[PDB]
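As structure tokens, one chain now follows by itself in the form solved without the ligand.
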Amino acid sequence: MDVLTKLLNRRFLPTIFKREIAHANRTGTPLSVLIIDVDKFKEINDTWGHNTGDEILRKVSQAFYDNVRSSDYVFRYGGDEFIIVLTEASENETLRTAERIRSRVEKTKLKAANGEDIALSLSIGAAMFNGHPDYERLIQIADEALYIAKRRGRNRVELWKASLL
């Protein structure tokens, strides 16, 4: 019942992605990715301990599951990072999902071991699958979108957009 054990291990990412890209290419349905970063997680983790960090990760993971469908995939990608794969969600539906997740985490109230308010936020990079055969390319451009979100000040969603150049 620990929500964290629900998370998929990244070792399954390529297989799942290659399968969903294959499917998206034949049916022409949308496919998209959220790469999610818990803001200042490393800072919080050694300022309040590893037990606090785990609770953040539980609150954050619960937010993901409350906003996606059984057809979607939720990965633990790194220490502070997650990847959500959405299937058959339009660009707008994808952005709305990301925002529901982002707002939900921002509004979440959490206290440390000693009762102090720990402010929580997420940075999110979103990108739509555009037919490119490599799943690594879809993850790369979402990662570019996420780098933009962090550099713009965190607690936000960015959608990867092709340069008008």
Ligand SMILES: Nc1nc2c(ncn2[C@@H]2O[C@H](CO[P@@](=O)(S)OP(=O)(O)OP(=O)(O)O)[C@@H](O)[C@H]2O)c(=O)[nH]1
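One-based numbering along the sequence shown. Throughout, rigid core stands for the largest set of C-alpha atoms superposing within 1.5 Å between the two forms.
Although it is not shown, the form solved in complex with the ligand is what the next lines describe.
The site on this chain is blocked, since the ligand, superimposed from its pose in the deposited complex on the surrounding C-alphas, has 3 or more atoms within 2.4 angstroms of backbone or C-beta atoms. Proximity of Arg100 to the ligand in the deposited complex falls outside the 4.5 Å heavy atom cutoff. Not displayed here, the ligand is approached by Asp54 to within 4.5 Å at the level of heavy atoms in the deposited complex.
Proximity of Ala126 to the ligand in the deposited complex: non-hydrogen atoms within 4.5 Å are absent; the residue sits far from the partner. Put simply, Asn45 is close to the ligand in the deposited complex: some heavy atom of it is within 4.5 Å. In plain terms, the part of the chain that comes close to the ligand in the deposited complex, with a heavy atom within 4.5 Å, is 30 to 38 out of 30 to 38, 127 to 135, 106 to 114, 63 to 71. For the three residues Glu91, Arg152 and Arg156, a heavy atom within 4.5 Å of the ligand turns up in the deposited complex in no case. Heavy atoms closer than or equal to 4.5 Å to the ligand in the deposited complex belong, across 74 to 110, to the residues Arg76, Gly79, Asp80, ordered by sequence position.
The residue among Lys111, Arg58, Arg100, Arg69 whose Cα moves by 2 angstroms or more between this form and the one not shown, once the core is superposed, is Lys111. With the core held fixed between this form and the one not shown, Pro30 has its Cα displaced by under 2 Å. With the core held fixed, the Cα of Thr47 is displaced between this form and the one not shown by 2 Å or more.
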